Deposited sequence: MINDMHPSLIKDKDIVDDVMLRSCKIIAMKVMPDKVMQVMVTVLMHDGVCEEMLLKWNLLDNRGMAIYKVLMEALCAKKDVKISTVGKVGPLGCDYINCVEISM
């Protein structure tokens, strides 16, 4: 039982770029920098046309614009476009 104000699969990272391209197969590509120095290009598990994709898209965007560390998890397989898929994001004050 920790301090009320202290928080506490999920890797810590920074969201360093997002390219929104709803004309194309990727739809939106997220560039992520992990805490151990590796940089990875990733997609969202859901279509942007689905509200679940919109919700994941928004927390990632806010994390980039606030310059925040976040934690993410992915489905765990590279797809036919060459990227893993983000399916969970955690953000804290």
- line: No C-alpha positions exist for deposited residues 1-3, 12-19
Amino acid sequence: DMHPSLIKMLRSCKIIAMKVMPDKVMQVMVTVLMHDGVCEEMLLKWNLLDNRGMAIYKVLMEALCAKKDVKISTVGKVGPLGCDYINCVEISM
From here on, numbers count along this sequence of modelled residues.
message: Per the record, averaged over C-alpha atoms, which has the higher B-factor: 55-63 or 37-45?
response: 37-45
field: C-alpha B-factor winner, where the candidates are 72, 16, 20, 78
entry: 78
task: Sorting the chain's modelled residues by C-alpha B-factor, tell me whether residue 86 ends up in the lowest, middle or highest third.
output: middle
